[PDB]
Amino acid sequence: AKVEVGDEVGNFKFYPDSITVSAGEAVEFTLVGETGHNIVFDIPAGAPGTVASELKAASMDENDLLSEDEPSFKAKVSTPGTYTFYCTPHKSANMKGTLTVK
């Protein structure tokens, strides 16, 4: 799947903010615009440790931002369920989306 992160007008959004993928299908986040962003998954409380490792490996580090020099990030989640992801700089601005894995 492909998700655009931000736009050329500097809005703090994922495009689309809701994606449904198959197990193990990579979703490629690509930066659009000059504002840096990243993607970190929320870890469901109560999640088994296998789902928590997977979601952490599918997340960018705190000190990592997509830039014109690193414009994409690829995440793969194979466990069925729906997961929330957000951008750390603009988490306050409701810059978030959902990933449904079938």
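Residue numbers here begin at 1 and follow the sequence given.
For the segment pair 7-15 and 20-28, the entry gives 20-28 the higher mean B-factor, averaged over Cα atoms.
Of the two segments examined, 29-37 and 62-70, it is 62-70 that shows the higher average Cα temperature factor in the deposited entry. Across the options 79, 84, 94, 88, the residue with the most elevated CA B-factor in the record is 94.
Compared with the other modelled residues of the chain, the Cα B-factor recorded for residue 47 ranks in the highest third.
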